[PDB]
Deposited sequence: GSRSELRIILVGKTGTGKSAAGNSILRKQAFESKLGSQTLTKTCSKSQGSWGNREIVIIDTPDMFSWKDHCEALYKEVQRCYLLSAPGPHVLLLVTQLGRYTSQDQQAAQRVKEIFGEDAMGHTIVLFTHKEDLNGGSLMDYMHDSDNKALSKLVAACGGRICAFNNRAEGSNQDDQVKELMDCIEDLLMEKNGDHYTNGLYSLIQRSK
């Protein structure tokens, strides 16, 4: 009864650190390859697939295509949730590019399983309300307003609980179904 999470985001958002917080272990310099770590939270078995920083970059190369294939192989038969990790008050073209790559790598429908994570160091809804960023508003609306703040002990357990609550809410809405596409179906036959 595993829960598969794909971490996506630009360099310096603390993507790997958020994965280590969820698994409560050192499960995961630039991230150059996909990594997979297994852990738990409560009664739940959690599988996290960390992706390279280059997923958020503009260009393409052999390594990118290879890592898209590993991501698919490591997250097969599909992710339950895609965590788009971004930094509070610092949503730039690089974050827009990372969001766009989620749609290009997994299909437009992947946004239906995406939660936007806001890393920093109620109060989040206060900043969103006054946000003058048209691109960020477009992303949050595309992710059905599924947003969660995250500061990267007790306070750490609380923000994981907050995020696990978002994830569970999405899962309940999806009746526990993971996201899938034609490439996942192709892997499943081969």
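- Missing from the model, relative to the deposited sequence, are the ranges 1-3, 32-38, 132-136, 168-170, 209.
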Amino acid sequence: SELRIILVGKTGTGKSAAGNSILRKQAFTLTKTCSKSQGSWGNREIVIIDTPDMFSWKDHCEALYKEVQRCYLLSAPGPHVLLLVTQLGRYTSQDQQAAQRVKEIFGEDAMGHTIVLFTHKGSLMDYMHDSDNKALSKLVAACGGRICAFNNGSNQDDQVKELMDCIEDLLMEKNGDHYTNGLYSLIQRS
From here on, numbers count along this sequence of modelled residues.
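Take the two forms, find the largest set of C-alpha atoms that superpose within 1.5 Å, and that set is the rigid core.
- Two stretches, 124-132 and 55-63, are weighed by how far their CA atoms sit from the shown form in 4 other deposited structures of this protein after rigid core superposition; the farther one is 55-63.
- After superposing on the rigid core, the larger RMS C-alpha deviation in 4 other deposited structures of this protein belongs to 46-54, the other candidate being whichever of 46-54 and 136-144 remains.
- Compared with the other entries of this protein, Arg4 is consistently built, present in every one of those that build its neighbours rather than absent from a third.
- The records show that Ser190 is omitted from the coordinate set of at least a third of the other eligible entries of this protein.
- Looking at mean Cα B-factors across 47-55 and 125-133, the upper value is held by 125-133.
- The PDB entry records a higher mean C-alpha B factor for 156-164 than for its counterpart among 134-142 and 156-164.
- You'll see in the entry that, of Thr31, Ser35, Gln69, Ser40, the Cα B factor peaks at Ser40.
- Residue-level temperature factors show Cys148 in the middle third of its chain, judged at the C-alpha atom.
- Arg24: CA B factor lies in the highest third for its chain, per the PDB record.
- Among all modelled residues in its chain, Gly9 ranks in the lowest third by Cα B-factor.
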